[PDB]
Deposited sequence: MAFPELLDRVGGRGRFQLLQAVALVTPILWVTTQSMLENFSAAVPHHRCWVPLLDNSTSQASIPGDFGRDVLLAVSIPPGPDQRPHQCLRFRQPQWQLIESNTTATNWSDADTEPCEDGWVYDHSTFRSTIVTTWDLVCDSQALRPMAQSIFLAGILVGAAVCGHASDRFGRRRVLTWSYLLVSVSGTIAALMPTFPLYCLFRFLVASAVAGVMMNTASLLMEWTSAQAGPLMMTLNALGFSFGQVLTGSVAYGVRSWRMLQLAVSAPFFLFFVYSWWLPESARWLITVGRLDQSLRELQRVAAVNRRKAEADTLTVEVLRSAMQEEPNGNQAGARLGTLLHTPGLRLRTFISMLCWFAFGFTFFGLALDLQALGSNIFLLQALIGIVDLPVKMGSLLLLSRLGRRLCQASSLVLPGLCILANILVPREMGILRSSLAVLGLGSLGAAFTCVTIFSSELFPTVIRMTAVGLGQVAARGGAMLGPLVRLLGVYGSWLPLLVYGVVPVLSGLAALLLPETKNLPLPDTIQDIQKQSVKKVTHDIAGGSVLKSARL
């Protein structure tokens, strides 16, 4: 009887739009704390400290103390025991600290904790830890909102994000920074899950397409917001503070939004449900049918396809979260990137969807994975002087991968006995989230050659997409 009550109280109107505007804005900043691990842990050019240079012909002094490296650069991990003045065999690891290049970034976490050379694996692990935190927090919060409400959990998760972010920028050692970020990730996952549930709960009929389109648009704009904010603040201790502070301001205003009116009924909190419904009616201005509500009415109210979807979600999560966090290897000008991604994404997603869906439902699913995977794979062959071509290929690949989610979210999930889609989208989301903690771990394989990470990162989407043609 809840849909009839919602029709009696509203639908579309004013409040159902103010709630969307008030809830979408936190998603922009939520995106900022997931892709922030691209301007915070940025690796500049690091050389070895020398007693000759850098105080107790600059070019000759640099050439005599540091042996030449393989990639046409001074060596980043070794120095000469004694100035080899024979240069008009014996090398010792750096023992006086590195010297970094401060020309685009002032202080990253790499600069402050020397995560270079031998201690290199720790950098692709500080991201897998965050994704494991998101995975854990997206599973714990599921069993903590059906008993504590759907609005209180969001309000407290805002405060948790704010406090954990404001603390994580003031730690003196790596292990604690790898734990407070875990807490931030769990709280962010809770925020996203509850925002989606609240967005759908209050809306009917015109709820499926538009509201879930709004969330994807929010993420796409959050990417541009991340780029713009990173363009301004250059340090890393003043970036986490500036990104985590707005969540406290969101927490204060989050005390006025009404709670879900469908959860209040199944628990017996009829009186407050009535208060919430009448309050919503006044904002919606449809204060004509609300006189009907007199407690009693609310008292009466109170396999192959599945595996294919599993693999598609896993491939999307794997490739996207392994590629979007290393944009220093897809080209240059990191600030210009991370902003063209969303601007490409929205036109690309809309235009690709509109044209391809007319071919068929399976064709759109197939062409949204093979195309970006092949675009990424065809990036190795390009020589390292056509910067525009490789940058365009990478941007197109990421934009198409972003569109794959939408093309597999509301267009897909029908490939089942077709009762309701929240018993399948939620199952796919656990695979998508569990396919990202196995993400940046592939980037640990930069040794044994450097082409292999990109090769795997392009092959996996291609095989996953080509397996979708085997539906029967």
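**Student:** Give the ranges of the deposited sequence, numbered from 1, for which the structure holds no C-alpha coordinates, in sequence order.
**Tutor:** Counting from residue 1, the stretches without coordinates are 1, 58-67, 100-110, 325-346, 517-553.
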